[PDB]
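Participant: Let me begin by handing over the structure; questions about it come next.
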Amino acid sequence: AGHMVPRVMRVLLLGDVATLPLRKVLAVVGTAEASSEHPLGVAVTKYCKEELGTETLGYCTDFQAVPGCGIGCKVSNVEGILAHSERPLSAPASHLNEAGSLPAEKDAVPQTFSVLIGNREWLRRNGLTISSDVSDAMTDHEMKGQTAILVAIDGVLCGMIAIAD
């Protein structure tokens with residue numbers, strides 16, 4: 001129909017330190033937030049970053065849209081930063097060799113975080129409270145004036161973004 005991106009109006013807390021530190025989550029959230037994605041969220045994160053006095057940045061994001069669910073994304077790297085590297089430059093080759101066999105095996109995926117975003121109903125149906133229809137009507141209702149978006153971490157409460165043209 002049309003094409004127009006709104007702007008962020010305000011952010012509300014929807015997380016807790018019962019699952020993880022908001023500081024760390026904010027660090028990653030900021031890494032991706034500043035990574036760009038919203039016509040304001042980036043400036044919001046970058047702004048908070050400037051006010052935080054931390055230019056943190058070194059995470060690997062991986063957004064994706066899921067049907068009959070909503071939106072989602074993953075971020076991992078804090079692990080790599082936690083544990084320095086050791087010259088990540090291998091040379092895989094030579095197989096036909098009579099009896100070579102290169103010692104290339106064993107891999108323990110690092111800690112990866114998944115953040116899901118979408119309508120409150122999505123999160124509700126994901127594994128929250130309140131009725132999906134109730135929350136759905138609420139979220140949709142808001143769309144009749146403003147834009148409401150809920151952000152959950154690993155299907156857990158984290159925070160929601162409120163957009164107001």
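Using ideal geometry, Cβ is built from the backbone for each residue, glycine included, and neighbour counts are taken over all protein chains shown. What follows draws every value from the coordinates through simple rules; no lab data is involved.
Participant: What order do you get for 48-60, 25-37 when each peptide is scored by the mean count of other beta carbon atoms within 10 Å, highest first?
Facilitator: Per-residue Cβ counts within 10 Å, averaged per peptide and sorted highest first, yield 25-37, 48-60.
Participant: Let me know the charge dipole size of the chain about its Cα centre in debye, to the nearest 20, where only the beta-carbon of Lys, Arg (+1) and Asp, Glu (-1) is charged.
Facilitator: Roughly 280 debye for the chain.
Participant: Of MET160, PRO103, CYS69, whose Cα points farthest to the positive end of the dipole of the chain (charges on the beta-carbon: +1 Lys, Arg; -1 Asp, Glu; origin at the Cα centre)?
Facilitator: Going by the charge dipole, the pick is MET160.
Participant: Let me ask another. Only sites in a loop by DSSP and with at most 11 other Cβ atoms within 10 Å count here; which trypsin sites (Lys or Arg not before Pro) in segment 112-158 make the cut?
Facilitator: Values: sites: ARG120, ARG124, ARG125, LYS144; in loops: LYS144.
Those that pass, being in a loop and sparsely packed, are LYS144.
Participant: Rounded to the nearest 500, what is the 222 nm mean residue ellipticity of the chain from helices alone, with -39500 (n - 2.57) per DSSP H run of 4+ residues and division by all residues?
Facilitator: Rounded to the nearest 500, the figure is -8500 deg cm²/dmol.
Participant: OK, next. Report the gain in length on full extension from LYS106 to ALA1: 0.36 nm times residue separation, minus Cα-Cα distance, nm rounded to one decimal.
Facilitator: So the chain would gain 32.7 nm between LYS106 and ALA1.
Participant: Quick one: the Cα spread of segment 45-96 along its three principal axes, in angstroms, biggest first?
Facilitator: Computed over segment 45-96, the largest-to-smallest principal extents equal 54, 39, 14 Å.
Participant: Also, quick follow-up: Take the Cα atoms of the chain, build their convex hull, and give its volume per residue in Å³.
Facilitator: Hull volume normalised by residue count: 187 Å³.
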